[PDB]
$ cat final-v7.csv   # CSV, N, CA and C atoms
chain,number,residue,atom,x,y,z
A,1,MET,N,0.8,-1.2,0.0
A,1,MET,CA,0.0,0.0,0.0
A,1,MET,C,0.9,1.3,0.0
A,2,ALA,N,2.2,1.1,-0.1
A,2,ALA,CA,3.1,2.2,0.0
A,2,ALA,C,3.2,2.9,-1.4
A,3,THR,N,2.0,3.3,-1.9
A,3,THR,CA,1.7,4.0,-3.1
A,3,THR,C,0.6,5.0,-2.8
A,4,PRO,N,0.6,6.2,-3.5
A,4,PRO,CA,-0.5,7.1,-3.3
A,4,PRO,C,-1.8,6.4,-3.8
A,5,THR,N,-2.9,6.7,-3.0
A,5,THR,CA,-4.1,5.9,-3.2
A,5,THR,C,-4.7,6.0,-4.6
A,6,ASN,N,-4.8,7.2,-5.1
A,6,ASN,CA,-5.2,7.5,-6.5
A,6,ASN,C,-4.0,7.8,-7.4
A,7,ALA,N,-3.2,6.8,-7.6
A,7,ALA,CA,-2.0,7.0,-8.4
A,7,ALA,C,-2.0,6.1,-9.6
A,8,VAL,N,-1.7,6.6,-10.8
A,8,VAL,CA,-1.6,5.8,-12.0
A,8,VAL,C,-0.2,5.3,-12.1
A,9,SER,N,-0.1,4.0,-11.9
A,9,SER,CA,1.2,3.3,-11.9
A,9,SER,C,1.2,2.2,-13.0
A,10,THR,N,2.4,1.6,-13.2
A,10,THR,CA,2.5,0.6,-14.2
A,10,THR,C,1.7,-0.7,-13.9
A,11,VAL,N,1.2,-0.8,-12.7
A,11,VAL,CA,0.4,-2.0,-12.3
A,11,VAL,C,-0.9,-2.0,-13.0
A,12,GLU,N,-1.6,-0.8,-13.1
A,12,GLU,CA,-3.0,-0.7,-13.5
A,12,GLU,C,-3.1,-0.2,-15.0
A,13,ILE,N,-2.0,0.2,-15.6
A,13,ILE,CA,-2.1,0.7,-17.0
A,13,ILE,C,-2.0,-0.6,-17.9
A,14,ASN,N,-2.5,-0.4,-19.1
A,14,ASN,CA,-2.5,-1.5,-20.1
A,14,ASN,C,-1.9,-1.0,-21.4
A,15,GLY,N,-1.5,-1.9,-22.3
A,15,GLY,CA,-1.0,-1.6,-23.6
A,15,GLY,C,0.5,-1.3,-23.6
A,16,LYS,N,1.2,-1.8,-22.6
A,16,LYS,CA,2.7,-1.6,-22.5
A,16,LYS,C,3.3,-2.4,-23.6
A,17,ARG,N,4.2,-1.8,-24.4
A,17,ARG,CA,4.9,-2.5,-25.4
A,17,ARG,C,6.0,-3.4,-24.8
A,18,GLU,N,6.3,-4.5,-25.4
A,18,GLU,CA,7.3,-5.4,-24.9
A,18,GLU,C,8.7,-4.9,-25.3
A,19,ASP,N,9.7,-5.3,-24.6
A,19,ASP,CA,11.1,-4.9,-24.8
A,19,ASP,C,11.9,-6.2,-25.2
A,20,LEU,N,12.0,-6.4,-26.5
A,20,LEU,CA,12.8,-7.6,-27.0
A,20,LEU,C,13.9,-7.0,-27.9
A,21,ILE,N,15.2,-7.3,-27.5
A,21,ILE,CA,16.3,-6.8,-28.2
A,21,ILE,C,16.4,-7.6,-29.5
A,22,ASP,N,17.2,-7.0,-30.5
A,22,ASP,CA,17.3,-7.5,-31.8
A,22,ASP,C,18.6,-8.2,-32.0
A,23,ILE,N,19.1,-8.9,-31.0
A,23,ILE,CA,20.3,-9.7,-31.0
A,23,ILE,C,20.1,-11.1,-30.5
A,24,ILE,N,20.7,-12.0,-31.2
A,24,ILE,CA,20.6,-13.4,-30.9
A,24,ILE,C,22.1,-13.9,-30.5
A,25,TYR,N,22.3,-14.4,-29.4
A,25,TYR,CA,23.6,-14.7,-28.9
A,25,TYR,C,23.9,-16.2,-29.1
A,26,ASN,N,24.8,-16.5,-30.0
A,26,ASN,CA,25.2,-17.9,-30.4
A,26,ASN,C,26.7,-18.0,-30.3
A,27,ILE,N,27.2,-18.9,-29.5
A,27,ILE,CA,28.6,-19.1,-29.3
A,27,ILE,C,29.0,-20.5,-29.5
A,28,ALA,N,28.2,-21.3,-30.2
A,28,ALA,CA,28.5,-22.7,-30.5
A,28,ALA,C,29.7,-22.7,-31.4
A,29,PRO,N,30.7,-23.6,-31.1
A,29,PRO,CA,31.9,-23.7,-32.0
A,29,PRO,C,31.6,-24.6,-33.2
A,30,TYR,N,32.3,-24.3,-34.3
A,30,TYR,CA,32.1,-25.0,-35.5
A,30,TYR,C,33.5,-25.2,-36.3
A,31,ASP,N,34.6,-25.2,-35.6
A,31,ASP,CA,35.9,-25.4,-36.2
A,31,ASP,C,36.1,-26.9,-36.5
A,32,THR,N,37.0,-27.1,-37.6
A,32,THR,CA,37.3,-28.4,-38.1
A,32,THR,C,38.8,-28.5,-38.1
A,33,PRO,N,39.5,-29.0,-37.0
A,33,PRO,CA,40.9,-29.1,-37.1
A,33,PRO,C,41.5,-30.1,-38.1
A,34,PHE,N,41.0,-31.3,-38.1
A,34,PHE,CA,41.5,-32.3,-39.0
A,34,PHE,C,41.3,-31.9,-40.4
A,35,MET,N,40.2,-31.4,-40.8
A,35,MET,CA,39.9,-30.9,-42.1
A,35,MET,C,40.9,-29.9,-42.6
A,36,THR,N,41.2,-28.9,-41.7
A,36,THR,CA,42.1,-27.9,-42.0
A,36,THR,C,43.6,-28.4,-42.1
A,37,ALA,N,43.9,-29.4,-41.3
A,37,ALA,CA,45.3,-29.9,-41.3
A,37,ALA,C,45.7,-30.6,-42.5
A,38,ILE,N,44.8,-31.5,-43.0
A,38,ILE,CA,45.2,-32.4,-44.1
A,38,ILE,C,45.0,-31.7,-45.4
A,39,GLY,N,45.6,-32.3,-46.5
A,39,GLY,CA,45.5,-31.7,-47.8
A,39,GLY,C,44.2,-31.8,-48.5
A,40,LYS,N,44.1,-31.1,-49.6
A,40,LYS,CA,42.9,-31.1,-50.5
A,40,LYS,C,43.3,-31.6,-51.9
A,41,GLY,N,42.3,-32.2,-52.5
A,41,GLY,CA,42.5,-32.7,-53.9
A,41,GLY,C,41.2,-33.0,-54.7
A,42,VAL,N,41.4,-33.5,-55.9
A,42,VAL,CA,40.3,-33.7,-56.8
A,42,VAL,C,40.2,-35.1,-57.2
A,43,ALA,N,39.0,-35.7,-57.1
A,43,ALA,CA,38.8,-37.1,-57.5
A,43,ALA,C,37.8,-37.0,-58.8
A,44,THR,N,38.1,-37.9,-59.8
A,44,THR,CA,37.4,-37.9,-61.0
A,44,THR,C,36.6,-39.1,-61.3
A,45,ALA,N,36.4,-40.0,-60.3
A,45,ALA,CA,35.7,-41.2,-60.4
A,45,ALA,C,35.1,-41.6,-59.1
A,46,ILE,N,34.2,-42.6,-59.1
A,46,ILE,CA,33.6,-43.1,-57.9
A,46,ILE,C,34.6,-43.8,-57.0
A,47,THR,N,35.6,-44.5,-57.6
A,47,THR,CA,36.6,-45.2,-56.8
A,47,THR,C,37.9,-44.5,-57.0
A,48,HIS,N,38.6,-44.2,-55.9
A,48,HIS,CA,39.9,-43.6,-55.9
A,48,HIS,C,41.0,-44.6,-55.5
A,49,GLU,N,42.1,-44.7,-56.4
A,49,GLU,CA,43.1,-45.7,-56.2
A,49,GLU,C,44.5,-45.1,-56.1
A,50,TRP,N,45.3,-45.8,-55.3
A,50,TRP,CA,46.7,-45.4,-55.2
A,50,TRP,C,47.5,-46.6,-54.9
A,51,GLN,N,48.9,-46.5,-54.8
A,51,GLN,CA,49.8,-47.6,-54.7
A,51,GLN,C,50.8,-47.3,-53.5
A,52,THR,N,51.2,-48.4,-52.9
A,52,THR,CA,52.2,-48.4,-51.9
A,52,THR,C,53.3,-49.5,-52.2
A,53,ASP,N,54.4,-49.3,-51.6
A,53,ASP,CA,55.5,-50.3,-51.8
A,53,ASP,C,56.4,-50.3,-50.6
B,54,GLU,N,-13.1,4.4,-22.3
B,54,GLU,CA,-14.4,5.1,-22.1
B,54,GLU,C,-14.2,6.3,-21.1
B,55,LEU,N,-15.3,7.0,-20.8
B,55,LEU,CA,-15.3,8.1,-19.9
B,55,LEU,C,-16.3,7.9,-18.7
B,56,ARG,N,-16.5,8.9,-18.0
B,56,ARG,CA,-17.4,8.9,-16.8
B,56,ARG,C,-18.6,9.8,-17.0
B,57,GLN,N,-19.4,9.9,-15.9
B,57,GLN,CA,-20.6,10.7,-15.9
B,57,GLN,C,-20.4,12.1,-15.2
B,58,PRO,N,-21.1,13.1,-15.6
B,58,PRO,CA,-20.9,14.4,-15.0
B,58,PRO,C,-21.6,14.5,-13.6
B,59,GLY,N,-21.2,15.6,-12.9
B,59,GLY,CA,-21.8,15.8,-11.6
B,59,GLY,C,-21.5,17.2,-11.1
B,60,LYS,N,-22.0,17.5,-9.9
B,60,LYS,CA,-21.8,18.8,-9.3
B,60,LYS,C,-20.3,19.0,-8.9
B,61,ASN,N,-19.7,20.1,-9.3
B,61,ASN,CA,-18.3,20.3,-9.0
B,61,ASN,C,-18.2,21.3,-7.8
B,62,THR,N,-18.7,22.5,-7.9
B,62,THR,CA,-18.9,23.4,-6.8
B,62,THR,C,-17.7,23.4,-5.8
B,63,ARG,N,-16.5,23.9,-6.3
B,63,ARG,CA,-15.3,23.9,-5.4
B,63,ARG,C,-15.2,25.2,-4.6
B,64,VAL,N,-14.5,25.1,-3.5
B,64,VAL,CA,-14.3,26.2,-2.6
B,64,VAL,C,-13.1,27.0,-3.0
B,65,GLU,N,-13.1,28.3,-2.9
B,65,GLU,CA,-12.0,29.2,-3.3
B,65,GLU,C,-10.8,28.9,-2.5
B,66,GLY,N,-9.6,28.6,-3.2
B,66,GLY,CA,-8.4,28.5,-2.5
B,66,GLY,C,-8.2,27.2,-1.7
B,67,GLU,N,-9.0,26.2,-1.9
B,67,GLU,CA,-9.0,25.0,-1.2
B,67,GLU,C,-7.8,24.1,-1.7
B,68,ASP,N,-7.3,23.2,-0.8
B,68,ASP,CA,-6.2,22.3,-1.1
B,68,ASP,C,-6.8,21.2,-2.1
B,69,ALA,N,-5.9,20.8,-3.0
B,69,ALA,CA,-6.3,19.8,-4.0
B,69,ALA,C,-6.3,18.4,-3.4
B,70,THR,N,-7.1,17.5,-4.0
B,70,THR,CA,-7.2,16.1,-3.7
B,70,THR,C,-7.2,15.3,-4.9
B,71,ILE,N,-6.4,14.2,-5.0
B,71,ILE,CA,-6.3,13.4,-6.1
B,71,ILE,C,-7.5,12.6,-6.3
B,72,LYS,N,-7.9,12.4,-7.6
B,72,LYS,CA,-9.2,11.9,-7.9
B,72,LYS,C,-9.1,10.8,-9.0
B,73,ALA,N,-8.8,9.6,-8.5
B,73,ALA,CA,-8.9,8.3,-9.3
B,73,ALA,C,-8.3,8.4,-10.7
B,74,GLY,N,-8.8,7.6,-11.6
B,74,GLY,CA,-8.3,7.6,-13.0
B,74,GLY,C,-9.1,6.6,-13.8
B,75,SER,N,-8.7,6.4,-15.1
B,75,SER,CA,-9.4,5.5,-16.0
B,75,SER,C,-8.3,4.7,-16.8
B,76,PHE,N,-8.7,3.5,-17.1
B,76,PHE,CA,-7.7,2.6,-17.8
B,76,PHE,C,-8.4,2.0,-19.0
B,77,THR,N,-7.6,1.4,-19.9
B,77,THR,CA,-8.1,0.8,-21.1
B,77,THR,C,-8.3,-0.7,-21.0
B,78,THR,N,-8.8,-1.3,-22.1
B,78,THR,CA,-9.0,-2.7,-22.2
B,78,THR,C,-8.5,-3.2,-23.5
B,79,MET,N,-8.0,-4.5,-23.5
B,79,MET,CA,-7.3,-5.1,-24.6
B,79,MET,C,-8.3,-6.1,-25.3
B,80,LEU,N,-8.2,-6.1,-26.7
B,80,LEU,CA,-8.9,-7.1,-27.5
B,80,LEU,C,-7.9,-7.6,-28.6
B,81,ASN,N,-8.2,-8.8,-29.0
B,81,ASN,CA,-7.3,-9.5,-30.0
B,81,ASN,C,-8.1,-10.5,-30.9
B,82,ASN,N,-7.5,-10.8,-32.0
B,82,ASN,CA,-8.1,-11.7,-33.0
B,82,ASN,C,-6.9,-12.4,-33.7
B,83,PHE,N,-7.3,-13.6,-34.3
B,83,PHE,CA,-6.3,-14.4,-35.0
B,83,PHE,C,-6.5,-14.3,-36.5
B,84,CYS,N,-5.5,-14.8,-37.2
B,84,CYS,CA,-5.5,-14.7,-38.7
B,84,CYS,C,-5.9,-16.0,-39.3
B,85,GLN,N,-6.3,-15.9,-40.6
B,85,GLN,CA,-6.9,-17.0,-41.3
B,85,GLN,C,-6.4,-17.0,-42.8
B,86,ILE,N,-6.2,-18.2,-43.3
B,86,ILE,CA,-5.6,-18.3,-44.7
B,86,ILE,C,-6.7,-18.9,-45.6
B,87,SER,N,-6.7,-18.3,-46.8
B,87,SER,CA,-7.6,-18.8,-47.9
B,87,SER,C,-6.8,-19.0,-49.2
B,88,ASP,N,-7.2,-19.9,-50.0
B,88,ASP,CA,-6.4,-20.3,-51.1
B,88,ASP,C,-7.2,-20.9,-52.2
B,89,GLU,N,-6.7,-20.9,-53.4
B,89,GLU,CA,-7.3,-21.5,-54.6
B,89,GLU,C,-6.2,-22.1,-55.5
B,90,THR,N,-6.6,-23.1,-56.3
B,90,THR,CA,-5.7,-23.8,-57.2
B,90,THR,C,-6.2,-23.8,-58.6
B,91,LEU,N,-5.3,-24.0,-59.6
B,91,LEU,CA,-5.8,-24.0,-61.0
B,91,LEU,C,-4.7,-24.8,-61.8
B,92,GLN,N,-5.2,-25.6,-62.8
B,92,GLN,CA,-4.4,-26.3,-63.7
B,92,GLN,C,-5.0,-26.3,-65.1
B,93,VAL,N,-4.1,-26.0,-66.1
B,93,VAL,CA,-4.5,-25.8,-67.5
B,93,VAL,C,-3.5,-26.6,-68.4
B,94,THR,N,-4.0,-27.3,-69.3
B,94,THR,CA,-3.1,-28.1,-70.2
B,94,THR,C,-2.4,-27.1,-71.2
B,95,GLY,N,-1.3,-27.6,-71.7
B,95,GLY,CA,-0.5,-26.7,-72.6
B,95,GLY,C,-1.1,-26.4,-73.9
B,96,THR,N,-1.8,-27.3,-74.5
B,96,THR,CA,-2.5,-27.1,-75.7
B,96,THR,C,-3.6,-26.0,-75.6
B,97,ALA,N,-4.4,-26.1,-74.6
B,97,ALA,CA,-5.5,-25.1,-74.4
B,97,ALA,C,-5.0,-23.7,-74.2
B,98,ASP,N,-3.7,-23.5,-73.9
B,98,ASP,CA,-3.2,-22.1,-73.7
B,98,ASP,C,-2.7,-21.5,-75.0
B,99,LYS,N,-2.6,-22.3,-76.1
B,99,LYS,CA,-2.1,-21.9,-77.4
B,99,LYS,C,-3.1,-21.6,-78.4
B,100,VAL,N,-4.1,-22.5,-78.5
B,100,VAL,CA,-5.2,-22.4,-79.5
B,100,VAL,C,-6.1,-21.3,-79.3
B,101,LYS,N,-6.9,-20.9,-80.3
B,101,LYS,CA,-8.1,-20.0,-80.1
B,101,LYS,C,-9.3,-20.7,-80.7
B,102,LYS,N,-10.2,-21.2,-79.9
B,102,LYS,CA,-11.2,-22.1,-80.4
B,102,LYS,C,-12.6,-21.6,-80.3
B,103,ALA,N,-13.1,-21.2,-79.1
B,103,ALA,CA,-14.4,-20.7,-78.9
B,103,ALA,C,-14.5,-20.0,-77.5
B,104,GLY,N,-14.5,-18.7,-77.5
B,104,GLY,CA,-14.7,-18.0,-76.2
B,104,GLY,C,-13.5,-18.0,-75.3
B,105,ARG,N,-13.2,-19.1,-74.8
B,105,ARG,CA,-12.0,-19.3,-73.9
B,105,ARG,C,-10.9,-19.8,-74.8
B,106,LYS,N,-9.8,-19.0,-74.9
B,106,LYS,CA,-8.7,-19.3,-75.8
B,106,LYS,C,-7.4,-19.2,-75.1

$ encode --input "final-v7.csv" --output "structure tokens"
Amino acid sequence: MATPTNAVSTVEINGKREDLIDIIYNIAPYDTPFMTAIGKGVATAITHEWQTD
Amino acid sequence: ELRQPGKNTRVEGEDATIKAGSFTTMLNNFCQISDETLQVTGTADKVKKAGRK
């Protein structure tokens, strides 16, 4: 009751707009160490073949 | 909305007293989707036969 008796406060008014910020906070990691480490190349067929000795 | 009138008849130089207030009301409604579909053969879109061409 620690409010003036006939006082217009945020409790009894209506139509207050919401406060939603325009930022989405995402910090999930998506790095690929092994992909970055190894080499890249081109394959020209379904099966890729090589030789060892 | 507003209120009803009455006798005011204030005394000269009297101290003021706070007098209530008025508030609003909320209303809401939902949305609705309407649609239509159409299919026409390729031949009917090229010829000019009778009325509908």

$ select_by_dssp --input "final-v7.csv" --residues "chain A" --states "helix (DSSP H, G or I)" --output "ChimeraX atom specification"
/A:33-37

$ atom_distance --input "final-v7.csv" --atom1 "CA of residue 6 in chain A" --atom2 "CA of residue 75 in chain B"
10.6 Å

$ closest_residue --input "final-v7.csv" --among "B:59, B:68, B:78, B:101" --to "residue 13 in chain A" --atoms "only C-alpha atoms"
B:78

$ residues_around --input "final-v7.csv" --residues "residue 5 in chain A" --least-positions-apart "3" --cutoff "8 Å" --atoms "all atoms listed in the file" --output "mmCIF file with N, CA and C atoms, in the frame of the given file"
data_model
loop_
_atom_site.group_PDB
_atom_site.id
_atom_site.type_symbol
_atom_site.label_atom_id
_atom_site.label_comp_id
_atom_site.auth_asym_id
_atom_site.auth_seq_id
_atom_site.Cartn_x
_atom_site.Cartn_y
_atom_site.Cartn_z
ATOM 1 N N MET A 1 0.800 -1.200 0.000
ATOM 2 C CA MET A 1 0.000 0.000 0.000
ATOM 3 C C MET A 1 0.900 1.300 0.000
ATOM 4 N N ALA A 2 2.200 1.100 -0.100
ATOM 5 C CA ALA A 2 3.100 2.200 0.000
ATOM 6 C C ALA A 2 3.200 2.900 -1.400
ATOM 7 N N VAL A 8 -1.700 6.600 -10.800
ATOM 8 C CA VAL A 8 -1.600 5.800 -12.000
ATOM 9 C C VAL A 8 -0.200 5.300 -12.100
ATOM 10 N N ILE B 71 -6.400 14.200 -5.000
ATOM 11 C CA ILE B 71 -6.300 13.400 -6.100
ATOM 12 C C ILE B 71 -7.500 12.600 -6.300
ATOM 13 N N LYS B 72 -7.900 12.400 -7.600
ATOM 14 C CA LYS B 72 -9.200 11.900 -7.900
ATOM 15 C C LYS B 72 -9.100 10.800 -9.000
ATOM 16 N N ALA B 73 -8.800 9.600 -8.500
ATOM 17 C CA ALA B 73 -8.900 8.300 -9.300
ATOM 18 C C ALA B 73 -8.300 8.400 -10.700
#

$ atom_distance --input "final-v7.csv" --atom1 "atom C of residue 7 in chain A" --atom2 "atom C of residue 55 in chain B"
17.0 Å

$ residues_around --input "final-v7.csv" --residues "residue 15 in chain A" --least-positions-apart "4" --cutoff "10 Å" --atoms "only C-alpha atoms" --output "JSON, numbers by chain"
{"B": [76, 77, 78, 79]}

$ atom_distance --input "final-v7.csv" --atom1 "CA of residue 51 in chain A" --atom2 "CA of residue 32 in chain A"
28.3 Å

$ decode --input "final-v7.csv" --residues "range 76-98 of chain B" --atoms "N, CA, C and O atoms" --output "PDB file, in the first residue's frame"
ATOM      1  N   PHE B  76      -8.657   3.518 -17.139  1.00  0.00           N
ATOM      2  CA  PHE B  76      -7.742   2.604 -17.811  1.00  0.00           C
ATOM      3  C   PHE B  76      -8.425   1.981 -19.022  1.00  0.00           C
ATOM      4  O   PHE B  76      -9.647   2.039 -19.176  1.00  0.00           O
ATOM      5  N   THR B  77      -7.615   1.378 -19.888  1.00  0.00           N
ATOM      6  CA  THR B  77      -8.075   0.818 -21.149  1.00  0.00           C
ATOM      7  C   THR B  77      -8.266  -0.692 -21.044  1.00  0.00           C
ATOM      8  O   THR B  77      -7.975  -1.317 -20.023  1.00  0.00           O
ATOM      9  N   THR B  78      -8.765  -1.278 -22.133  1.00  0.00           N
ATOM     10  CA  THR B  78      -9.018  -2.709 -22.220  1.00  0.00           C
ATOM     11  C   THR B  78      -8.454  -3.248 -23.528  1.00  0.00           C
ATOM     12  O   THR B  78      -8.440  -2.553 -24.547  1.00  0.00           O
ATOM     13  N   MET B  79      -8.007  -4.501 -23.491  1.00  0.00           N
ATOM     14  CA  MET B  79      -7.330  -5.141 -24.611  1.00  0.00           C
ATOM     15  C   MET B  79      -8.269  -6.091 -25.343  1.00  0.00           C
ATOM     16  O   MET B  79      -9.075  -6.786 -24.720  1.00  0.00           O
ATOM     17  N   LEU B  80      -8.155  -6.119 -26.670  1.00  0.00           N
ATOM     18  CA  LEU B  80      -8.870  -7.081 -27.496  1.00  0.00           C
ATOM     19  C   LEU B  80      -7.922  -7.615 -28.557  1.00  0.00           C
ATOM     20  O   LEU B  80      -6.971  -6.938 -28.953  1.00  0.00           O
ATOM     21  N   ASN B  81      -8.187  -8.837 -29.020  1.00  0.00           N
ATOM     22  CA  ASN B  81      -7.299  -9.478 -29.977  1.00  0.00           C
ATOM     23  C   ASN B  81      -8.077 -10.452 -30.850  1.00  0.00           C
ATOM     24  O   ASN B  81      -9.179 -10.887 -30.509  1.00  0.00           O
ATOM     25  N   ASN B  82      -7.474 -10.787 -31.989  1.00  0.00           N
ATOM     26  CA  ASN B  82      -8.061 -11.700 -32.961  1.00  0.00           C
ATOM     27  C   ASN B  82      -6.943 -12.438 -33.684  1.00  0.00           C
ATOM     28  O   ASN B  82      -5.793 -11.993 -33.708  1.00  0.00           O
ATOM     29  N   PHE B  83      -7.295 -13.574 -34.279  1.00  0.00           N
ATOM     30  CA  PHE B  83      -6.347 -14.425 -34.983  1.00  0.00           C
ATOM     31  C   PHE B  83      -6.481 -14.256 -36.492  1.00  0.00           C
ATOM     32  O   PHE B  83      -7.430 -13.650 -36.994  1.00  0.00           O
ATOM     33  N   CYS B  84      -5.510 -14.805 -37.213  1.00  0.00           N
ATOM     34  CA  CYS B  84      -5.454 -14.715 -38.664  1.00  0.00           C
ATOM     35  C   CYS B  84      -5.949 -16.005 -39.309  1.00  0.00           C
ATOM     36  O   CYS B  84      -6.000 -17.065 -38.681  1.00  0.00           O
ATOM     37  N   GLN B  85      -6.308 -15.900 -40.586  1.00  0.00           N
ATOM     38  CA  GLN B  85      -6.893 -17.011 -41.322  1.00  0.00           C
ATOM     39  C   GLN B  85      -6.384 -16.976 -42.756  1.00  0.00           C
ATOM     40  O   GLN B  85      -6.153 -15.903 -43.323  1.00  0.00           O
ATOM     41  N   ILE B  86      -6.216 -18.162 -43.341  1.00  0.00           N
ATOM     42  CA  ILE B  86      -5.625 -18.329 -44.665  1.00  0.00           C
ATOM     43  C   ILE B  86      -6.677 -18.866 -45.624  1.00  0.00           C
ATOM     44  O   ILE B  86      -7.431 -19.785 -45.284  1.00  0.00           O
ATOM     45  N   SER B  87      -6.726 -18.291 -46.825  1.00  0.00           N
ATOM     46  CA  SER B  87      -7.591 -18.765 -47.894  1.00  0.00           C
ATOM     47  C   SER B  87      -6.763 -18.950 -49.158  1.00  0.00           C
ATOM     48  O   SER B  87      -5.777 -18.242 -49.381  1.00  0.00           O
ATOM     49  N   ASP B  88      -7.169 -19.912 -49.986  1.00  0.00           N
ATOM     50  CA  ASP B  88      -6.368 -20.283 -51.142  1.00  0.00           C
ATOM     51  C   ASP B  88      -7.247 -20.857 -52.243  1.00  0.00           C
ATOM     52  O   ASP B  88      -8.403 -21.228 -52.023  1.00  0.00           O
ATOM     53  N   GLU B  89      -6.667 -20.921 -53.439  1.00  0.00           N
ATOM     54  CA  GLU B  89      -7.299 -21.508 -54.610  1.00  0.00           C
ATOM     55  C   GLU B  89      -6.219 -22.092 -55.511  1.00  0.00           C
ATOM     56  O   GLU B  89      -5.062 -21.668 -55.473  1.00  0.00           O
ATOM     57  N   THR B  90      -6.608 -23.062 -56.335  1.00  0.00           N
ATOM     58  CA  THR B  90      -5.673 -23.755 -57.211  1.00  0.00           C
ATOM     59  C   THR B  90      -6.240 -23.827 -58.620  1.00  0.00           C
ATOM     60  O   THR B  90      -7.454 -23.756 -58.829  1.00  0.00           O
ATOM     61  N   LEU B  91      -5.344 -23.974 -59.596  1.00  0.00           N
ATOM     62  CA  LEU B  91      -5.761 -24.017 -60.989  1.00  0.00           C
ATOM     63  C   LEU B  91      -4.746 -24.804 -61.805  1.00  0.00           C
ATOM     64  O   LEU B  91      -3.541 -24.733 -61.555  1.00  0.00           O
ATOM     65  N   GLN B  92      -5.243 -25.552 -62.792  1.00  0.00           N
ATOM     66  CA  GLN B  92      -4.382 -26.299 -63.701  1.00  0.00           C
ATOM     67  C   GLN B  92      -4.964 -26.250 -65.107  1.00  0.00           C
ATOM     68  O   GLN B  92      -6.162 -26.481 -65.292  1.00  0.00           O
ATOM     69  N   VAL B  93      -4.111 -25.958 -66.086  1.00  0.00           N
ATOM     70  CA  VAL B  93      -4.512 -25.825 -67.483  1.00  0.00           C
ATOM     71  C   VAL B  93      -3.503 -26.558 -68.356  1.00  0.00           C
ATOM     72  O   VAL B  93      -2.291 -26.418 -68.168  1.00  0.00           O
ATOM     73  N   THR B  94      -3.997 -27.333 -69.318  1.00  0.00           N
ATOM     74  CA  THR B  94      -3.105 -28.057 -70.212  1.00  0.00           C
ATOM     75  C   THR B  94      -2.386 -27.095 -71.155  1.00  0.00           C
ATOM     76  O   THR B  94      -2.822 -25.965 -71.386  1.00  0.00           O
ATOM     77  N   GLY B  95      -1.262 -27.563 -71.700  1.00  0.00           N
ATOM     78  CA  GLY B  95      -0.457 -26.710 -72.559  1.00  0.00           C
ATOM     79  C   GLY B  95      -1.140 -26.361 -73.867  1.00  0.00           C
ATOM     80  O   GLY B  95      -1.028 -25.232 -74.353  1.00  0.00           O
ATOM     81  N   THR B  96      -1.845 -27.324 -74.462  1.00  0.00           N
ATOM     82  CA  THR B  96      -2.495 -27.080 -75.746  1.00  0.00           C
ATOM     83  C   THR B  96      -3.579 -26.017 -75.632  1.00  0.00           C
ATOM     84  O   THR B  96      -3.703 -25.153 -76.507  1.00  0.00           O
ATOM     85  N   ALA B  97      -4.375 -26.064 -74.561  1.00  0.00           N
ATOM     86  CA  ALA B  97      -5.463 -25.108 -74.393  1.00  0.00           C
ATOM     87  C   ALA B  97      -4.970 -23.678 -74.237  1.00  0.00           C
ATOM     88  O   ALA B  97      -5.746 -22.742 -74.452  1.00  0.00           O
ATOM     89  N   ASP B  98      -3.705 -23.485 -73.867  1.00  0.00           N
ATOM     90  CA  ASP B  98      -3.167 -22.142 -73.701  1.00  0.00           C
ATOM     91  C   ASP B  98      -2.654 -21.545 -75.004  1.00  0.00           C
ATOM     92  O   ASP B  98      -2.295 -20.363 -75.027  1.00  0.00           O
TER      93      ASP B  98
END
